[PDB]
Amino acid sequence: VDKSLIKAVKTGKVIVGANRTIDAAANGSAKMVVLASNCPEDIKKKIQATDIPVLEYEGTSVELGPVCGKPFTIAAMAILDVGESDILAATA
RNA sequence: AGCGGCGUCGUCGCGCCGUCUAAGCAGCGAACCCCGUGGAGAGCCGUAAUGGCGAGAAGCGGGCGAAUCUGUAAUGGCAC
């Protein structure tokens with residue numbers, strides 16, 4: 001769940017941000033969508049409406065950010081293609 | 001700067017006054033704010049200053065939106 005994200009950011013297709021994740025989920029190219037625990041409830045409506053598997057993240061977005069490689073905060077992130085990673089195995 | 005008066009004038013050519021125009025009506029809209037795109041971090045964008053940013057910056061479009069300004073009212077008043 002944690003080390004897989006390192007390879008998901010190293011290799012494969014990923015997009016950071018709520019809106020681009022919405023677009024990827026509606027398009028369906030995003031195989032899985034990863035969300036932080038304390039995200040606003042306004043985002044969960046799409047993540048349930050979208051058929052994409054909903055991988056929870058136990059932490060908050062504040063520490064989700066730095067582990068993903070970005071100093072800022074990450075609310076909802078999608079990985080379009082895993083490539084050299086197995087975070088999808090964590091999700092499905 | 002030009003035009004019309006008044007003053008001074010031992011010498012010079014300066015000094016002062018005037019050269020106006022209401023509400024109403026019609027048009028335009030600076031900031032803030034709202035929306036559609038946009039995809040920015042070993043960092044970028046700004047302010048007199050505080051600052052803003054994947055919970056979406058810069059940039060690009062659209063919308064709501066001031067005083068005041070432009071025309072008319074424009075023929076009234078002036079040593080017409």
# chains A, B, ... in the order shown; residues from 1 in each chain; ligands from 1
call {"tool": "residues_around", "arguments": {"residues": "residue 9 in chain A", "least_positions_apart": "4", "cutoff": "8 Å", "atoms": "only C-alpha atoms (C1' of nucleotides)", "output": "PyMOL selection string"}}
result
chain A and resi 5+13-14+68-69
call {"tool": "interface_residues", "arguments": {"of": "chain A", "to": "chain B", "cutoff": "12 Å", "atoms": "only C-alpha atoms (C1' of nucleotides)", "output": "PDB file with N, CA, C and O atoms, in the first residue's frame"}}
result
ATOM      1  N   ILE A  15      -1.912  10.827 -12.203  1.00  0.00           N
ATOM      2  CA  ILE A  15      -2.309  12.228 -12.208  1.00  0.00           C
ATOM      3  C   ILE A  15      -2.681  12.619 -10.788  1.00  0.00           C
ATOM      4  O   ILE A  15      -3.390  11.876 -10.102  1.00  0.00           O
ATOM      5  N   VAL A  16      -2.202  13.777 -10.347  1.00  0.00           N
ATOM      6  CA  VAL A  16      -2.452  14.277  -9.002  1.00  0.00           C
ATOM      7  C   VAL A  16      -3.407  15.456  -9.088  1.00  0.00           C
ATOM      8  O   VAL A  16      -3.260  16.329  -9.951  1.00  0.00           O
ATOM      9  N   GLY A  17      -4.392  15.473  -8.198  1.00  0.00           N
ATOM     10  CA  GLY A  17      -5.369  16.541  -8.183  1.00  0.00           C
ATOM     11  C   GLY A  17      -6.784  16.019  -8.282  1.00  0.00           C
ATOM     12  O   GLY A  17      -7.018  14.959  -8.868  1.00  0.00           O
ATOM     13  N   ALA A  18      -7.740  16.753  -7.712  1.00  0.00           N
ATOM     14  CA  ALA A  18      -9.118  16.278  -7.701  1.00  0.00           C
ATOM     15  C   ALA A  18      -9.717  16.268  -9.101  1.00  0.00           C
ATOM     16  O   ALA A  18     -10.302  15.268  -9.526  1.00  0.00           O
ATOM     17  N   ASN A  19      -9.570  17.369  -9.838  1.00  0.00           N
ATOM     18  CA  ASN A  19     -10.317  17.540 -11.081  1.00  0.00           C
ATOM     19  C   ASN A  19      -9.841  16.578 -12.164  1.00  0.00           C
ATOM     20  O   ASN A  19     -10.653  15.954 -12.863  1.00  0.00           O
ATOM     21  N   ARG A  20      -8.525  16.453 -12.330  1.00  0.00           N
ATOM     22  CA  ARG A  20      -8.005  15.506 -13.308  1.00  0.00           C
ATOM     23  C   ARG A  20      -8.348  14.074 -12.925  1.00  0.00           C
ATOM     24  O   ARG A  20      -8.580  13.237 -13.803  1.00  0.00           O
ATOM     25  N   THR A  21      -8.410  13.776 -11.625  1.00  0.00           N
ATOM     26  CA  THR A  21      -8.873  12.460 -11.197  1.00  0.00           C
ATOM     27  C   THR A  21     -10.340  12.246 -11.544  1.00  0.00           C
ATOM     28  O   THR A  21     -10.736  11.134 -11.909  1.00  0.00           O
ATOM     29  N   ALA A  36      -7.277  10.102   0.120  1.00  0.00           N
ATOM     30  CA  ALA A  36      -6.865  10.243   1.506  1.00  0.00           C
ATOM     31  C   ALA A  36      -8.072  10.127   2.432  1.00  0.00           C
ATOM     32  O   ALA A  36      -9.225  10.248   2.012  1.00  0.00           O
ATOM     33  N   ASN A  38      -9.132  11.981   5.193  1.00  0.00           N
ATOM     34  CA  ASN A  38      -9.882  13.161   5.604  1.00  0.00           C
ATOM     35  C   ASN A  38     -10.294  14.038   4.432  1.00  0.00           C
ATOM     36  O   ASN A  38     -10.488  15.247   4.608  1.00  0.00           O
ATOM     37  N   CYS A  39     -10.430  13.465   3.242  1.00  0.00           N
ATOM     38  CA  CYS A  39     -10.839  14.242   2.091  1.00  0.00           C
ATOM     39  C   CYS A  39     -12.270  14.734   2.274  1.00  0.00           C
ATOM     40  O   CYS A  39     -13.032  14.178   3.067  1.00  0.00           O
ATOM     41  N   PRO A  40     -12.644  15.803   1.578  1.00  0.00           N
ATOM     42  CA  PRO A  40     -14.020  16.297   1.679  1.00  0.00           C
ATOM     43  C   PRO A  40     -15.010  15.264   1.166  1.00  0.00           C
ATOM     44  O   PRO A  40     -14.730  14.509   0.234  1.00  0.00           O
ATOM     45  N   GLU A  41     -16.189  15.243   1.789  1.00  0.00           N
ATOM     46  CA  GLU A  41     -17.226  14.303   1.383  1.00  0.00           C
ATOM     47  C   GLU A  41     -17.726  14.575  -0.031  1.00  0.00           C
ATOM     48  O   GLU A  41     -18.299  13.676  -0.655  1.00  0.00           O
ATOM     49  N   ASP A  42     -17.507  15.786  -0.554  1.00  0.00           N
ATOM     50  CA  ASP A  42     -17.951  16.126  -1.902  1.00  0.00           C
ATOM     51  C   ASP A  42     -17.234  15.324  -2.979  1.00  0.00           C
ATOM     52  O   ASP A  42     -17.707  15.284  -4.120  1.00  0.00           O
ATOM     53  N   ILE A  43     -16.104  14.701  -2.655  1.00  0.00           N
ATOM     54  CA  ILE A  43     -15.389  13.902  -3.639  1.00  0.00           C
ATOM     55  C   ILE A  43     -15.858  12.449  -3.642  1.00  0.00           C
ATOM     56  O   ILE A  43     -15.819  11.792  -4.686  1.00  0.00           O
ATOM     57  N   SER A  61      -4.240  13.791   3.815  1.00  0.00           N
ATOM     58  CA  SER A  61      -3.627  14.264   2.578  1.00  0.00           C
ATOM     59  C   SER A  61      -2.335  15.027   2.843  1.00  0.00           C
ATOM     60  O   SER A  61      -1.444  15.061   1.983  1.00  0.00           O
ATOM     61  N   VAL A  62      -2.204  15.611   4.037  1.00  0.00           N
ATOM     62  CA  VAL A  62      -1.035  16.423   4.363  1.00  0.00           C
ATOM     63  C   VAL A  62       0.234  15.583   4.337  1.00  0.00           C
ATOM     64  O   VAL A  62       1.262  16.013   3.803  1.00  0.00           O
ATOM     65  N   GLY A  65       0.889  13.804   0.653  1.00  0.00           N
ATOM     66  CA  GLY A  65       1.648  14.580  -0.300  1.00  0.00           C
ATOM     67  C   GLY A  65       3.122  14.226  -0.358  1.00  0.00           C
ATOM     68  O   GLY A  65       3.632  13.799  -1.398  1.00  0.00           O
ATOM     69  N   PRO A  66       3.838  14.409   0.758  1.00  0.00           N
ATOM     70  CA  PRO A  66       5.296  14.186   0.739  1.00  0.00           C
ATOM     71  C   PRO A  66       5.706  12.778   0.346  1.00  0.00           C
ATOM     72  O   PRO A  66       6.715  12.604  -0.348  1.00  0.00           O
ATOM     73  N   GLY A  69       5.996  12.248  -3.300  1.00  0.00           N
ATOM     74  CA  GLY A  69       7.055  12.968  -3.976  1.00  0.00           C
ATOM     75  C   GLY A  69       6.790  14.439  -4.204  1.00  0.00           C
ATOM     76  O   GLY A  69       7.628  15.114  -4.814  1.00  0.00           O
ATOM     77  N   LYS A  70       5.662  14.958  -3.730  1.00  0.00           N
ATOM     78  CA  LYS A  70       5.273  16.338  -3.935  1.00  0.00           C
ATOM     79  C   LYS A  70       5.156  17.044  -2.592  1.00  0.00           C
ATOM     80  O   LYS A  70       4.485  16.530  -1.688  1.00  0.00           O
ATOM     81  N   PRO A  71       5.794  18.201  -2.412  1.00  0.00           N
ATOM     82  CA  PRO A  71       5.681  18.895  -1.120  1.00  0.00           C
ATOM     83  C   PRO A  71       4.267  19.339  -0.786  1.00  0.00           C
ATOM     84  O   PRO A  71       3.934  19.458   0.399  1.00  0.00           O
ATOM     85  N   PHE A  72       3.421  19.576  -1.783  1.00  0.00           N
ATOM     86  CA  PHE A  72       2.061  20.032  -1.534  1.00  0.00           C
ATOM     87  C   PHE A  72       1.176  18.849  -1.140  1.00  0.00           C
ATOM     88  O   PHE A  72       1.653  17.741  -0.883  1.00  0.00           O
ATOM     89  N   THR A  73      -0.132  19.075  -1.083  1.00  0.00           N
ATOM     90  CA  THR A  73      -1.078  18.091  -0.576  1.00  0.00           C
ATOM     91  C   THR A  73      -1.819  17.411  -1.720  1.00  0.00           C
ATOM     92  O   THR A  73      -2.136  18.041  -2.732  1.00  0.00           O
ATOM     93  N   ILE A  74      -2.100  16.123  -1.546  1.00  0.00           N
ATOM     94  CA  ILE A  74      -2.791  15.317  -2.546  1.00  0.00           C
ATOM     95  C   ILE A  74      -4.106  14.847  -1.944  1.00  0.00           C
ATOM     96  O   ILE A  74      -4.112  14.157  -0.919  1.00  0.00           O
ATOM     97  N   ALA A  75      -5.217  15.201  -2.587  1.00  0.00           N
ATOM     98  CA  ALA A  75      -6.530  14.772  -2.118  1.00  0.00           C
ATOM     99  C   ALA A  75      -6.943  13.448  -2.757  1.00  0.00           C
ATOM    100  O   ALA A  75      -7.196  12.465  -2.056  1.00  0.00           O
ATOM    101  N   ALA A  76      -7.009  13.409  -4.085  1.00  0.00           N
ATOM    102  CA  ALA A  76      -7.375  12.200  -4.808  1.00  0.00           C
ATOM    103  C   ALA A  76      -6.420  12.010  -5.975  1.00  0.00           C
ATOM    104  O   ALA A  76      -6.221  12.933  -6.769  1.00  0.00           O
ATOM    105  N   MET A  77      -5.840  10.818  -6.081  1.00  0.00           N
ATOM    106  CA  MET A  77      -4.855  10.515  -7.109  1.00  0.00           C
ATOM    107  C   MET A  77      -5.256   9.254  -7.856  1.00  0.00           C
ATOM    108  O   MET A  77      -5.733   8.289  -7.252  1.00  0.00           O
TER     109      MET A  77
END
call {"tool": "residues_around", "arguments": {"residues": "range 48-59 of chain A", "least_positions_apart": "5", "cutoff": "6 Å", "atoms": "only C-alpha atoms (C1' of nucleotides)", "output": "PDB file with C-alpha atoms, in the first residue's frame"}}
result
ATOM      1  CA  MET A  32      -7.847   2.652  -9.690  1.00  0.00           C
ATOM      2  CA  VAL A  33      -8.342   5.868  -7.719  1.00  0.00           C
ATOM      3  CA  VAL A  34      -6.565   6.462  -4.399  1.00  0.00           C
ATOM      4  CA  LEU A  35      -7.999   8.886  -1.839  1.00  0.00           C
ATOM      5  CA  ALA A  36      -6.865  10.243   1.506  1.00  0.00           C
ATOM      6  CA  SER A  37      -8.864   9.608   4.662  1.00  0.00           C
ATOM      7  CA  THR A  91      -6.369  -2.422  -4.842  1.00  0.00           C
TER       8      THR A  91
END
call {"tool": "atom_distance", "arguments": {"atom1": "CA of residue 26 in chain A", "atom2": "CA of residue 83 in chain A"}}
result
21.3 Å
call {"tool": "select_by_dssp", "arguments": {"residues": "chain A", "states": "alpha helix (DSSP H)", "output": "ChimeraX atom specification"}}
result
/A:3-10,18-27,41-49,61-67,87-91
call {"tool": "select_by_dssp", "arguments": {"residues": "chain A", "states": "strand (DSSP E)", "output": "JSON, numbers by chain"}}
result
{"A": [13, 14, 15, 16, 32, 33, 34, 35, 54, 55, 76, 77, 78, 79, 80, 81]}
call {"tool": "residues_around", "arguments": {"residues": "range 87-90 of chain A", "least_positions_apart": "6", "cutoff": "9 Å", "atoms": "only C-alpha atoms (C1' of nucleotides)", "output": "number ranges by chain"}}
result
A: 1-5, 7-8, 31-32, 55, 79
call {"tool": "write_last_selection", "arguments": {"atoms": "N, CA, C and O atoms", "output": "compact mmCIF listing (two decimals), in the first residue's frame"}}
result
# COMPACT_ATOMS: atom_id res chain seq x y z
N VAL A 1 0.82 -1.20 0.00
CA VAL A 1 0.00 0.00 0.00
C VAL A 1 0.86 1.26 0.00
O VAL A 1 0.48 2.27 -0.58
N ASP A 2 2.02 1.19 0.65
CA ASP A 2 2.89 2.35 0.82
C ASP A 2 4.07 2.35 -0.14
O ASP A 2 4.34 3.38 -0.77
N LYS A 3 4.79 1.24 -0.26
CA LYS A 3 5.91 1.18 -1.19
C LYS A 3 5.47 1.07 -2.64
O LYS A 3 6.23 1.44 -3.53
N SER A 4 4.25 0.58 -2.89
CA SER A 4 3.76 0.50 -4.26
C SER A 4 3.60 1.89 -4.86
O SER A 4 3.81 2.08 -6.07
N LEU A 5 3.22 2.87 -4.04
CA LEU A 5 3.06 4.23 -4.54
C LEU A 5 4.37 4.81 -5.05
O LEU A 5 4.37 5.63 -5.98
N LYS A 7 6.68 3.21 -6.73
CA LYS A 7 6.82 2.78 -8.11
C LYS A 7 5.72 3.34 -9.00
O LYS A 7 5.96 3.57 -10.19
N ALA A 8 4.53 3.56 -8.45
CA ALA A 8 3.46 4.18 -9.24
C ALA A 8 3.85 5.59 -9.67
O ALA A 8 3.52 6.01 -10.79
N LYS A 31 -7.40 3.10 -13.86
CA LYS A 31 -7.75 1.76 -13.40
C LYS A 31 -8.21 1.78 -11.95
O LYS A 31 -9.22 1.15 -11.59
N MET A 32 -7.49 2.50 -11.09
CA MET A 32 -7.85 2.65 -9.69
C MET A 32 -7.67 4.11 -9.29
O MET A 32 -6.88 4.84 -9.88
N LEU A 55 -9.52 2.77 -3.61
CA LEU A 55 -8.47 2.47 -2.64
C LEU A 55 -8.43 3.57 -1.59
O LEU A 55 -8.11 4.72 -1.90
N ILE A 79 -4.01 6.34 -10.95
CA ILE A 79 -2.93 5.75 -11.73
C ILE A 79 -3.54 5.13 -12.98
O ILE A 79 -4.26 4.13 -12.91
call {"tool": "atom_distance", "arguments": {"atom1": "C1' of residue 48 in chain B", "atom2": "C1' of residue 31 in chain B"}}
result
16.5 Å
call {"tool": "residues_around", "arguments": {"residues": "residue 37 in chain B", "least_positions_apart": "6", "cutoff": "12 Å", "atoms": "only C-alpha atoms (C1' of nucleotides)", "output": "ChimeraX atom specification"}}
result
/B:59-62
call {"tool": "atom_distance", "arguments": {"atom1": "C1' of residue 78 in chain B", "atom2": "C1' of residue 20 in chain B"}}
result
8.5 Å
call {"tool": "closest_residue", "arguments": {"among": "B:26, B:3, B:49, B:16", "to": "residue 70 in chain B", "atoms": "only C-alpha atoms (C1' of nucleotides)"}}
result
B:26
call {"tool": "decode", "arguments": {"residues": "range 47-59 of chain B", "atoms": "N, CA, C and O atoms (P, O5', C5', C4', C3', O3' and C1' of nucleotides)", "output": "PDB file, in the first residue's frame"}}
result
ATOM      1  P     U B  47       2.833  43.253  -8.829  1.00  0.00           P
ATOM      2  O5'   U B  47       2.333  43.785  -7.419  1.00  0.00           O
ATOM      3  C5'   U B  47       0.964  44.081  -7.207  1.00  0.00           C
ATOM      4  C4'   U B  47       0.681  44.354  -5.755  1.00  0.00           C
ATOM      5  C3'   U B  47       1.522  45.436  -5.103  1.00  0.00           C
ATOM      6  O3'   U B  47       1.062  46.742  -5.404  1.00  0.00           O
ATOM      7  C1'   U B  47       1.400  43.550  -3.680  1.00  0.00           C
ATOM      8  P     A B  48       2.106  47.927  -5.690  1.00  0.00           P
ATOM      9  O5'   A B  48       2.854  48.113  -4.302  1.00  0.00           O
ATOM     10  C5'   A B  48       3.915  49.042  -4.161  1.00  0.00           C
ATOM     11  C4'   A B  48       4.078  49.470  -2.727  1.00  0.00           C
ATOM     12  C3'   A B  48       4.096  48.353  -1.697  1.00  0.00           C
ATOM     13  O3'   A B  48       5.372  47.755  -1.573  1.00  0.00           O
ATOM     14  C1'   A B  48       2.638  50.076  -0.984  1.00  0.00           C
ATOM     15  P     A B  49       5.523  46.162  -1.535  1.00  0.00           P
ATOM     16  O5'   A B  49       4.807  45.749  -0.181  1.00  0.00           O
ATOM     17  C5'   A B  49       5.363  46.137   1.062  1.00  0.00           C
ATOM     18  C4'   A B  49       4.437  45.844   2.213  1.00  0.00           C
ATOM     19  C3'   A B  49       3.915  44.426   2.320  1.00  0.00           C
ATOM     20  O3'   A B  49       4.861  43.536   2.884  1.00  0.00           O
ATOM     21  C1'   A B  49       2.138  45.938   2.629  1.00  0.00           C
ATOM     22  P     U B  50       4.881  41.988   2.465  1.00  0.00           P
ATOM     23  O5'   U B  50       3.692  41.356   3.307  1.00  0.00           O
ATOM     24  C5'   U B  50       3.624  41.528   4.714  1.00  0.00           C
ATOM     25  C4'   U B  50       2.249  41.210   5.241  1.00  0.00           C
ATOM     26  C3'   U B  50       1.723  39.821   4.933  1.00  0.00           C
ATOM     27  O3'   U B  50       2.241  38.822   5.789  1.00  0.00           O
ATOM     28  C1'   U B  50       0.044  41.409   4.478  1.00  0.00           C
ATOM     29  P     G B  51       2.268  37.298   5.295  1.00  0.00           P
ATOM     30  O5'   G B  51       0.741  36.988   4.974  1.00  0.00           O
ATOM     31  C5'   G B  51       0.370  35.928   4.108  1.00  0.00           C
ATOM     32  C4'   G B  51      -0.319  36.442   2.870  1.00  0.00           C
ATOM     33  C3'   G B  51      -0.813  35.380   1.900  1.00  0.00           C
ATOM     34  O3'   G B  51      -2.074  34.848   2.262  1.00  0.00           O
ATOM     35  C1'   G B  51       0.401  37.013   0.712  1.00  0.00           C
ATOM     36  P     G B  52      -2.396  33.295   2.012  1.00  0.00           P
ATOM     37  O5'   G B  52      -2.346  33.140   0.428  1.00  0.00           O
ATOM     38  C5'   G B  52      -3.390  33.649  -0.391  1.00  0.00           C
ATOM     39  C4'   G B  52      -3.357  33.050  -1.775  1.00  0.00           C
ATOM     40  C3'   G B  52      -3.159  31.547  -1.842  1.00  0.00           C
ATOM     41  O3'   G B  52      -4.356  30.825  -1.617  1.00  0.00           O
ATOM     42  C1'   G B  52      -1.703  32.596  -3.373  1.00  0.00           C
ATOM     43  P     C B  53      -4.295  29.336  -1.025  1.00  0.00           P
ATOM     44  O5'   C B  53      -3.640  28.490  -2.200  1.00  0.00           O
ATOM     45  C5'   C B  53      -4.317  28.315  -3.431  1.00  0.00           C
ATOM     46  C4'   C B  53      -3.434  27.659  -4.456  1.00  0.00           C
ATOM     47  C3'   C B  53      -2.837  26.325  -4.065  1.00  0.00           C
ATOM     48  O3'   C B  53      -3.762  25.257  -4.146  1.00  0.00           O
ATOM     49  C1'   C B  53      -1.179  27.659  -5.085  1.00  0.00           C
ATOM     50  P     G B  54      -3.842  24.161  -2.974  1.00  0.00           P
ATOM     51  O5'   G B  54      -4.175  22.808  -3.739  1.00  0.00           O
ATOM     52  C5'   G B  54      -3.444  22.429  -4.898  1.00  0.00           C
ATOM     53  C4'   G B  54      -4.168  21.370  -5.685  1.00  0.00           C
ATOM     54  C3'   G B  54      -4.115  19.973  -5.080  1.00  0.00           C
ATOM     55  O3'   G B  54      -5.317  19.271  -5.389  1.00  0.00           O
ATOM     56  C1'   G B  54      -3.108  19.942  -7.207  1.00  0.00           C
ATOM     57  P     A B  55      -6.116  18.469  -4.250  1.00  0.00           P
ATOM     58  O5'   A B  55      -7.200  19.510  -3.734  1.00  0.00           O
ATOM     59  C5'   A B  55      -8.235  19.968  -4.594  1.00  0.00           C
ATOM     60  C4'   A B  55      -9.068  21.030  -3.928  1.00  0.00           C
ATOM     61  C3'   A B  55      -8.331  22.335  -3.651  1.00  0.00           C
ATOM     62  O3'   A B  55      -9.231  23.440  -3.738  1.00  0.00           O
ATOM     63  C1'   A B  55      -9.018  21.368  -1.605  1.00  0.00           C
ATOM     64  P     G B  56      -9.617  24.081  -5.163  1.00  0.00           P
ATOM     65  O5'   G B  56      -8.274  24.008  -6.016  1.00  0.00           O
ATOM     66  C5'   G B  56      -7.163  24.839  -5.707  1.00  0.00           C
ATOM     67  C4'   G B  56      -6.266  25.043  -6.902  1.00  0.00           C
ATOM     68  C3'   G B  56      -6.919  25.725  -8.106  1.00  0.00           C
ATOM     69  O3'   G B  56      -5.971  26.570  -8.756  1.00  0.00           O
ATOM     70  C1'   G B  56      -6.080  23.627  -8.753  1.00  0.00           C
ATOM     71  P     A B  57      -6.453  27.892  -9.531  1.00  0.00           P
ATOM     72  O5'   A B  57      -5.154  28.804  -9.560  1.00  0.00           O
ATOM     73  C5'   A B  57      -4.650  29.398  -8.375  1.00  0.00           C
ATOM     74  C4'   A B  57      -3.210  29.804  -8.546  1.00  0.00           C
ATOM     75  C3'   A B  57      -2.907  30.651  -9.771  1.00  0.00           C
ATOM     76  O3'   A B  57      -3.180  32.028  -9.575  1.00  0.00           O
ATOM     77  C1'   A B  57      -1.380  28.864  -9.671  1.00  0.00           C
ATOM     78  P     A B  58      -3.869  32.889 -10.744  1.00  0.00           P
ATOM     79  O5'   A B  58      -2.747  32.966 -11.869  1.00  0.00           O
ATOM     80  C5'   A B  58      -1.489  33.554 -11.590  1.00  0.00           C
ATOM     81  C4'   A B  58      -0.495  33.304 -12.692  1.00  0.00           C
ATOM     82  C3'   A B  58      -0.923  33.719 -14.086  1.00  0.00           C
ATOM     83  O3'   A B  58      -0.797  35.109 -14.313  1.00  0.00           O
ATOM     84  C1'   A B  58       0.031  31.564 -14.169  1.00  0.00           C
ATOM     85  P     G B  59      -2.024  35.934 -14.939  1.00  0.00           P
ATOM     86  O5'   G B  59      -2.168  35.337 -16.407  1.00  0.00           O
ATOM     87  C5'   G B  59      -1.060  35.326 -17.296  1.00  0.00           C
ATOM     88  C4'   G B  59      -1.305  34.432 -18.485  1.00  0.00           C
ATOM     89  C3'   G B  59      -2.595  34.679 -19.250  1.00  0.00           C
ATOM     90  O3'   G B  59      -2.524  35.778 -20.139  1.00  0.00           O
ATOM     91  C1'   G B  59      -2.380  32.377 -18.838  1.00  0.00           C
TER      92        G B  59
END
